[PDB]
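Form deposited in one PDB entry, single chain, as structure tokens, below.
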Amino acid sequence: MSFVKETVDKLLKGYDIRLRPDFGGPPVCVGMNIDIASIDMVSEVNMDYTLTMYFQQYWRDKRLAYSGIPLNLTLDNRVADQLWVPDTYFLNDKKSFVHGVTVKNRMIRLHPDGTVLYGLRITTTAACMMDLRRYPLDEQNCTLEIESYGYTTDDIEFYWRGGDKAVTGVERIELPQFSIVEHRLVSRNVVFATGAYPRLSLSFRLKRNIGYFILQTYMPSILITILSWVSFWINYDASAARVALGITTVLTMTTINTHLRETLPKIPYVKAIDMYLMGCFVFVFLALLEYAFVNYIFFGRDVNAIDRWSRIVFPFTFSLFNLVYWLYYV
């Protein structure tokens, strides 16, 4: 055990953590792979998502090569403070942390040739600007940008270790509201005022689950809309009954819209849910407005003809609206 202890002491004796490997030489190549433990929250209100992952980085540091020990030295995570590590950060993250119970979830594993394995368990909230025009029939694309903060491409280069197999665990992920249609790994360079920087991107394509919205949002609106047509089958002279049905369904539609509208942030552009809810709101609005013409055209001055046609036009026009809507968004 002391032989190993002496070896580790030698490596860190005179070790300069302020200098990257091969300082002034060819850029150090850093390979990364990720194991995704879970995706926890995907919030439209905050336009972000939470991600718990195992984040591994591989690079070769000749200063950390050792011989005579036919084993890979897994060391206490507190040794990471005594080594050079890439200044990797997540360009689009909002808030992130490394877990610290019972100790900091950090791993340092050395290999004889000088390869360093640096693993972290990270929960990161990352910004995902979502396009909600087709919501809730929408498909999103959320990314995770991995870039070096200080070092340019002359000093550090990134690559996915293992190609398209560099990210695992995606198939096992279960989201209460989305399905992972696909994921991609990209590698590129980004040019700033201070120089070019290496970039690694991980992106997912998310398709939203529509079944939930049918029971919560679409179904109550559909039934109230059908209810508003009950007015067309009541006698023209039942003013109290037809107004009470008409005005209470208009109230009901507002009730439906209000306690649903708090599920979405203040996003001012037209969405798929808005068009359907407003389509049904216009219909109930017209059903109550239709009786104004019916009542006036009898008492103020044929009457059954207008109601008779409404018994067909309103069901027909609503089906035409539904056909156009679903085809356009599906």
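Residues that one form lacks are left out of the comparison. Note that residue numbering follows the sequence shown and begins at 1. C-alpha atoms forming the largest set that superposes within 1.5 Å between two forms make up the rigid core.
Omitted here: the form deposited in another entry. The next part is about that form.
Answer yes if the CA of residue 282 moves 2 Å or more between the shown form and the other one after aligning the rigid core, and no otherwise. No; residue 282 is a residue whose C-alpha shifts by less than 2 Å between the shown form and the other one when the cores are overlaid.
Superposing on the rigid core, is the Cα displacement of residue 29 between the shown form and the other one 2 Å or more? Residue 29: C-alpha displaced by less than 2 Å between the shown form and the other one.
For residue 267, decide whether the Cα shift between the shown form and the other one is 2 Å or greater, given a superposition on the rigid core. It does, since the residue 267 C-alpha is displaced 2 Å or more between the shown form and the other one after the core fit.
How does the C-alpha distance between residue 264 and residue 92 change in the other form compared with the present structure, closer or farther, given a change of 3 angstroms or more? Farther apart, by at least 3 Å.
Consecutive stretches, 3 or more residues long, displaced between the shown form and the other one (C-alpha shift of at least 2 Å once the core is aligned): 262-270 is the lone stretch that moves between the shown form and the other one.
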